[PDB]
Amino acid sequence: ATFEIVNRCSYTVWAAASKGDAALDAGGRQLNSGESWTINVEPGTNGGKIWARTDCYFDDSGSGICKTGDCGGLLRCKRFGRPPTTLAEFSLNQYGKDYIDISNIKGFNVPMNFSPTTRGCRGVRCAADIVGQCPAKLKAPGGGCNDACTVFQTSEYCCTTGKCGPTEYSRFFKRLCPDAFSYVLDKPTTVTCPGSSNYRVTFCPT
């Protein structure tokens, strides 16, 4: 499957793509404002994620640091990124269908649209100014808006036991972005697409 990753932000981002235990495609790349990078994701990929990283520095070997979404200091991510990270999430060719969503469960750094480029389903978007509106206690000094699990490490926010409810913090994310997961047990906003659809992830769509 192809994923065209487009940076419409006025700032550089370093795109990242991983399934948690491996890179997808090269795993990451710099995207200056306006640039597009197309990756190939293997059919059947379960639990893939794409995200933006901000404020990165990498040496000539591809090792370094980012302020949001850093994946063990690599340009080419093999693992998931450090919160806060707005997440485009997908599982492909699962009993004949693809499943996509956006999640704020690991916080929010950059606004995102995640849409099919092929027929048969709609896209999802979280493009509100979550960083600007972020509750004071969730603001990450390194940049972005943390989720409450990251900040407070409670069973309730982290849904450790599988029985949590919405919270004042989750409701903030949900108010700003109804179409994204705000906590682990949120009413799902996952979209079913035809198996083997192709996609575009756009940072700063609006």
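Sequential numbering from 1, following the sequence displayed.
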Between 177 to 185 and 160 to 168, the record assigns the higher mean Cα B factor to 160 to 168
Which has the higher mean CA temperature factor in the PDB entry, 116 to 124 or 130 to 138? 116 to 124
Based on the PDB entry, the highest CA temperature factor among the options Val151, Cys56, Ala26, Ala52 is that of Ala26
Among the candidates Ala88, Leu75, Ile105, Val110, give the one with the maximum CA B-factor reported in the record. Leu75
Once the chain's modelled residues are ordered by C-alpha B factor and cut into thirds, is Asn7 in the lowest, middle or highest one? lowest
Please rank the C-alpha B-factors of the chain's modelled residues and tell me whether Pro84 sits in the lowest, middle or highest third. lowest
Cα B factor band for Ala15 (lowest, middle or highest third within the chain): lowest
Which third, lowest, middle or highest, does the CA B-factor of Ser36 fall in along this chain? lowest
Consider only the C-alpha atoms of the modelled residues in this chain, order them by B-factor as the entry records it, and name the third containing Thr68: lowest, middle or highest. middle
